[PDB]
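Along the sequence shown, residues are numbered consecutively beginning with 1. In listed order, ligands and their atoms are each counted from 1.
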Amino acid sequence: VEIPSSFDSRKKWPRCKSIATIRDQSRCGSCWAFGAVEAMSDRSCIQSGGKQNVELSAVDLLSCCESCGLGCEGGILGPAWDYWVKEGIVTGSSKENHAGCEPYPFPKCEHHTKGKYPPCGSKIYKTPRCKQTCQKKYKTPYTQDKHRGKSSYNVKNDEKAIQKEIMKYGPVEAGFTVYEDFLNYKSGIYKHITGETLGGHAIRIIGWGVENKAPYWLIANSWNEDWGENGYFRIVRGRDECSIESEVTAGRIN
Ligand SMILES: *[C@H](CS(=O)(=O)c1ccccn1)[C@H](CCc1ccccc1)NC(=O)[C@H](Cc1ccc(O)cc1)NC(=O)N1CCC(C(=O)OCC)CC1
């Protein structure tokens, strides 16, 4: 197929509100899980013709997947998509919107930036308990509310493969290396210039473009809408910048 020089998942599939939805992991290293349930949410809408147009529970994946790592202290991407395939994940929204089977237990906060939420600070909450019981308000039982995928795969570390995957099947989950200068990102096309290795961050790639010939990925972060470019950022594409093309992870409902 032909690869357009620019692509936005939001514009291809605007009926799928989840694609334009920026989330907040709060005081928890639950990025890995957010990136998973965000892209799963998108892909469930894209691939089911809207039949499943849902907001999948971040906390449900966080607390119940035993094979997915250290929960709020960090997680493993491939295992999260495997769990979605094998057990499925229920619906569940933010703590503030309290919708779905299992809403997020943690409140929104500001991540190394200014805005309308209290600051996140540097503390980390304890990984929530696996509950398997929808809120009283919600009218589907837990086991019934499970949304499963059918496949779970790594995407090849190739710009052109990642592009075709997103454009055909929807947004993907990706891993990249956080250096200290990323935490000061306000706007523009990010690339590492200064700062020590801090860790690894798991986000959602929704498309790409160019800005005066500069190739970039378009990425939804999970640090609320006040962070960065109304919750998104862009980053250098095609150079494996901060390993952004190296652990692309997705799957399909068929
Ligand atoms: C999210 C990144 S963050 O920037 O939002 C953040 C950073 C620090 C605190 C809170 N949020 C999380 C942060 C986890 C963390 C928590 C406390 C202290 C330090 C870090 N990051 C992850 O979940 C990464 C995601 C990732 C995976 C793969 C990849 O190529 C890039 C990024 N994964 C981890 O942190 N892991 C640590 C524990 C590992 C594990 O389970 O060990 C085996 C049992 C899994 C990987």
Discussion item. Using a strict threshold of under 4.0 Å (side-chain N to carboxylate O), is an ion pair present between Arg43 and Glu165?
Written reply: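 Looking at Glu165 and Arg43, the cut-off is met.
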Item to complete: Taking only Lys NZ, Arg NE, NH1 and NH2, and the carboxylate oxygens of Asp or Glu, determine whether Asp60 and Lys146 approach each other closer than 4.0 Å.
Response: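 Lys146 and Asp60: salt-bridged.
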Practice prompt. Determine whether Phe34 and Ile203 make a side-chain contact, defined as any pair of heavy atoms from C-beta on separated by less than 4.5 Å.
Written response: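 No, every pair of side-chain atoms sits at 4.5 Å or beyond.
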Fill in: Check: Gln163 and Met167 side chains under 4.5 Å, non-hydrogen atoms
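They are not in contact (no side-chain heavy atoms under 4.5 Å apart), so the answer is no.
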Between [X] and [Y], does any side-chain donor sit less than 3.5 Å from a side-chain acceptor?
| X | Y | value |
| --- | --- | --- |
| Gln25 | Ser222 | yes |
| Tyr138 | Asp145 | yes |
| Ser151 | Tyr169 | no |

Please check whether [X] reaches ligand 1 - meaning an N/O of the residue sits under 3.5 Å from an N/O of the ligand, judged on distance alone.
| X | answer |
| --- | --- |
| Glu247 | yes |
| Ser30 | no |
| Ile76 | no |

Among protein heavy atoms, which sits nearest to [atom], and what does the distance come to when rounded to 0.1 Å?
| atom | result |
| --- | --- |
| atom 2 (C) of ligand 1 | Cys31 SG, 2.8 Å |
| atom 46 (C) of ligand 1 | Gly75 O, 3.4 Å |
| atom 41 (O) of ligand 1 | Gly69 CA, 3.0 Å |
| atom 17 (C) of ligand 1 | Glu73 OE1, 3.3 Å |
| atom 24 (C) of ligand 1 | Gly200 O, 3.5 Å |
| atom 4 (O) of ligand 1 | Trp223 CZ2, 3.4 Å |
| atom 35 (O) of ligand 1 | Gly74 CA, 3.4 Å |

Worksheet entry | Intermediate values then yes/no, side chain to side chain donor-acceptor pair (under 3.5 Å), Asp240 and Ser246 | CA-CA 7 Å; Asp240 203 34; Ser246 271; 3.2 Å; yes
Worksheet item: Which ligand 1 atoms, with their elements, are less than 4.0 angstrom from a heavy-atom of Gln25?
Response: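 The atoms of ligand 1 under 4.0 Å from a heavy atom of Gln25 are 5 (O), 11 (N).
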Where on [X] is there a heavy atom closer than 4.0 Å to ligand 1, on the side chain, on the backbone, on both, or on neither?
| X | result |
| --- | --- |
| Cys72 | backbone |
| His111 | neither |
| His201 | both |

Discussion item. Determine whether the aromatic ring centres of residues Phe176 and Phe233 are separated by less than 6.0 angstrom.
Written reply: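 Yes, the ring centres sit under 6.0 Å apart.
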Discussion item. Measuring centre to centre across the rings, with the benzene-like ring taken for any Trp, is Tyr153 within less than 6.0 Å of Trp81?
Written reply: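 So the answer is no for these two rings.
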Item to complete: Fit a plane to each ring of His201 and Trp223, take the angle between them on a 0 to 90° scale, and name the class: parallel (under 30°), tilted (30 to 60°) or perpendicular (over 60°).
Response: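 Because their plane-to-plane angle is under 30°, the rings of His201 and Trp223 count as parallel.
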Discussion item. Is atom 19 (C) of ligand 1 touching the protein, meaning some protein heavy atom lies under 4.0 Å away?
Written reply: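 No, because not a single protein heavy atom sits under 4.0 Å from atom 19 (C) of ligand 1.
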Worksheet item: Heavy atoms of the protein only: does one fall short of 4.0 Å from atom 7 (C) of ligand 1?
Response: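 Looking at atom 7 (C) of ligand 1, one finds that no protein heavy atom lies closer than 4.0 Å.
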Worksheet item: Among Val178, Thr249, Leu70, which one has a heavy atom closest to atom 40 (C) of ligand 1?
Response: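 Looking at heavy atoms only, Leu70 sits closest to atom 40 (C) of ligand 1.
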